[PDB]
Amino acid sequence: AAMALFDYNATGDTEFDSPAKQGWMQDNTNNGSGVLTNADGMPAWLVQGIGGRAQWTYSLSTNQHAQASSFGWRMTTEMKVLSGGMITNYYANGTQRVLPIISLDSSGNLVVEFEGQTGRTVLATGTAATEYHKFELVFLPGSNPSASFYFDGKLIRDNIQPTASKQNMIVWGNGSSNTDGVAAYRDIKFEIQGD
């Protein structure tokens, strides 16, 4: 030991055909919604943050928060952004978060921002901007805790400093009631490491 993994895996299976059935909590407001969809012969969960917030949350236990802090963690998302912004797939711990905010800019490019930084980074232009990609957030602890962001396995930004936050969920989706955001999710993992 010791390691742990928490996931949503998009599936047609009845027993597990929403995130609610994989231990995640629906956390929409207003007009926000979601539904199982099927795209490339493959299930995806379509998050529809149109006129309301639309996201899913997962609760770590007391020891899991603490283990996450000692040994570090990795959050991987496989998604495709369809429209808008505040696509917020992230982890908060009662005290801090590394928040990447993903979107499509007014030129149609897939950009990423991080809370604590200012500016956007172009991840994909053209028809690439609105296809599936694999996004990794990798948190390395120490007395100098920083994060690294990866896009189909390519270091994009490192030395991302955590920022204060009272929230304490693993979250994915459109974490915003006013910024509309739409994306499809095949996979979410949050893995707590060993040493």
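Residues carry their position along the shown sequence, with the first being 1.
Here the stretch with the larger average CA B-factor, out of 141-149 and 45-53, is 141-149. The residue among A66, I170, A128, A164 whose C-alpha atom has the highest B-factor in the PDB entry is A128.
Highest CA B-factor among the listed residues (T62, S59, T37, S70): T37. Among the modelled residues of its chain, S103 has a C-alpha B-factor that falls in the middle third according to the deposited record.
Residue-level temperature factors show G94 in the lowest third of its chain, judged at the C-alpha atom. Split the chain's modelled residues into thirds by C-alpha temperature factor. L123 is in the highest one.
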